[PDB]
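Have a look at the structure below, then the notes.
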Amino acid sequence: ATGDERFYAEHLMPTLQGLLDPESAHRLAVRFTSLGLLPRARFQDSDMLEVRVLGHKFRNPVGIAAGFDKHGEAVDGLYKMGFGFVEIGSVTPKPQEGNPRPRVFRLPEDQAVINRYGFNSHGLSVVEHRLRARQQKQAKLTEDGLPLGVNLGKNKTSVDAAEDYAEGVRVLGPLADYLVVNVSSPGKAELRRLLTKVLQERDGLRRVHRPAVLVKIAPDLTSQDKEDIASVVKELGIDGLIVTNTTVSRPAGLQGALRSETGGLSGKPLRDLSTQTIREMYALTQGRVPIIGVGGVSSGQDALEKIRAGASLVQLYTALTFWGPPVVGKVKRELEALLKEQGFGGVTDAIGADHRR
Ligand SMILES: Cc1cc2nc3c(=O)[nH]c(=O)nc-3n(C[C@H](O)[C@H](O)[C@H](O)COP(=O)(O)O)c2cc1C
Ligand SMILES: O=C(Nc1c(F)c(F)c(-c2ccccc2)c(F)c1F)c1c(O)nn2ccccc12
Ligand SMILES: O=C(O)c1cc(=O)[nH]c(=O)[nH]1
Ligand SMILES: [Cl-]
Ligand SMILES: [Cl-]
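According to the entry's author numbering, the sequence shown holds residues 31 to 216, 226 to 396 in order.
Below, the structure is given as structure tokens:
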């Protein structure tokens with residue numbers, strides 16, 4: 031319970047959110063982060079937070095989810111905040127503006143956000159050049175246990191999703207530790232086709248520049264959809280799953296005035312839907328496919344619940360928007376304390392632990 035955590039949560043963040051609409055705040059946050067104008071990250075990662083998965087070392091399991099740094103402008107500042115890994119994107123092949131404004135909405139009473147950004151993206155070429163500018167620094171960061179993920183999207187007007195994803199693999203795959211493709215509800228044959236093309240393109244990259252490939256799913260899938268995704272992921276040798284994206288559901292109980300805005304809902308109302316999706320996907324893949332768990336993480340308990348359900352790593356986004364940068368150290372500190380309290384030697388020993396009860 032540091033001075034910074036309390037000051038950010040009680041004074042600075044509510045003040046900024048009272049002055050700035052969420053898209054404006056998002057842009058300012060990216061700018062501050064890119065410049066390194068950050069509170070000091072006082073928490074030192076202990077050994078018990080280290081995870082080895084996806085072919086890499088992660089010095090802690092708490093990452094920044096896709097959609098915060100869409101265009102790769104703030105990667106170094108995000109490591110400076112204390113994140114164990116950074117995922118940029120989604121990046122589309124051509125630049126595109128996204129949906130008309132307003133397109134982001136806070137639900138403060140719910141600790142939630144709704145967004146319909148619509149894959150606003152600077153595009154592959156711009157992002158490729160930004161990452162190339164710091165490619166060696168990233169190599170050293172990855173070696174030191176701070177990997178980089180790149181989430182690949184598709185253009186609004188594209189007629190073949192597979193070709194958009196293949197272009198992203200070609201262009202940004204050599205700059206990433208892992209790539210992410212978002213999948214929505216089917226159909227199975229179409230998913231197999233798309234993922235086959237992505238994997239073939241990845242396998243064509245030189246070994247030292249060859250990333251892991253993960254599939255990111257929504258929580259809005261039928262049981263049949265989940266079954267089918269699990270089958271295809273195993274059949275094809277997909278390296279991992281990201282579980283989950285935002286939800287188009289609106290759980291009963293939402294209080295925010297903006298609850299009926301179109302878009303994806305994130306934060307606390309998504310938390311347990313995400314955790315249960317992790318549990319299901321872990322079981323459908325027999326615990327053999329690494330899962331990055333994401334949706335409503337703002338505490339050590341939230342992180343550990345996902346880890347015990349089957350996540351090897353977690354991400355957060357919405358909590359950063361409400362609590363600010365100190366939330367990263369908070370979640371790490373709390374997670375370490377809970378690991379110790381529950382008798383785990385480290386994160387690794389807790390992964391999927393609920394399934395062994
Ligand atoms: C404003 C906003 C923009 C997002 N944009 C993307 C995106 O471009 N690609 C993506 O895969 N997920 C995106 N997401 C989803 C997040 O990566 C994450 O899966 C989701 O918000 C759940 O985590 P949270 O509850 O900790 O925010 C976005 C989320 C938010 C709130
Ligand atoms: O980014 C947002 N807020 C937001 C913000 F305003 C900030 F100043 C920071 C911030 C960043 C660096 C140093 C000090 C504060 C920060 F980390 C943030 F997260 C934001 C928000 O307030 N609502 N929102 C909704 C969707 C996406 C982002 C955001
Ligand atoms: O750009 C967006 O609208 C977006 C993409 C995504 O994958 N998830 C989300 O919640 N928003
Ligand atoms: Cl070669
Ligand atoms: Cl309503």
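Ideal placement from N, C-alpha and C gives every residue a C-beta, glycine not left out.
Taking the C-beta atoms as reference points, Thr283 is found no nearer than 8 Å to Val143.
Boundaries of the alpha helix (DSSP H) harbouring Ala59: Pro52 to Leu65, taken from the DSSP string.
Spanning the alpha carbons of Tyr38 and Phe115 requires a straight line of approximately 23 Å. Bridge pairing for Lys255: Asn212 and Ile281 [DSSP]. Going by beta carbons, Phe135 and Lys371 fall outside the 8 Å limit. Its chain contains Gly107 as the residues whose beta carbon lies nearer than 8 Å to that of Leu65, once the 5 sequence neighbours on both sides are disregarded; these appear in chain order. For ligand 1, no non-hydrogen atom lies closer than 7 Å to the CB of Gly114. Of the other Cβ atoms in all chains shown, fewer than 16 fall within 10 Å of the Cβ of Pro44; this residue is therefore exposed.
Taking C-beta atoms as the reference points, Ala96 and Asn181 count as a pair closer than 8 Å.
In this structure, ligand 3 has no non-hydrogen atom nearer than 7 Å to the beta-carbon of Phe98. Put simply, the backbone Cα of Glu139 is about 19 Å away from that of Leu355. As a beta-bridge residue in DSSP terms, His86 pairs with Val83. The shortest CA-to-CA distance from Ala376 to any of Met78, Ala348, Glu240 and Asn129 is the one to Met78. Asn181 is bridged by DSSP to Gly119 and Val210.
Using a 10 angstroms sphere on the CB of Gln263, the tally of other CB atoms stays under 16, which defines it as exposed. The Cβ atoms of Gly306 and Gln141 sit closer than 8 Å to each other.
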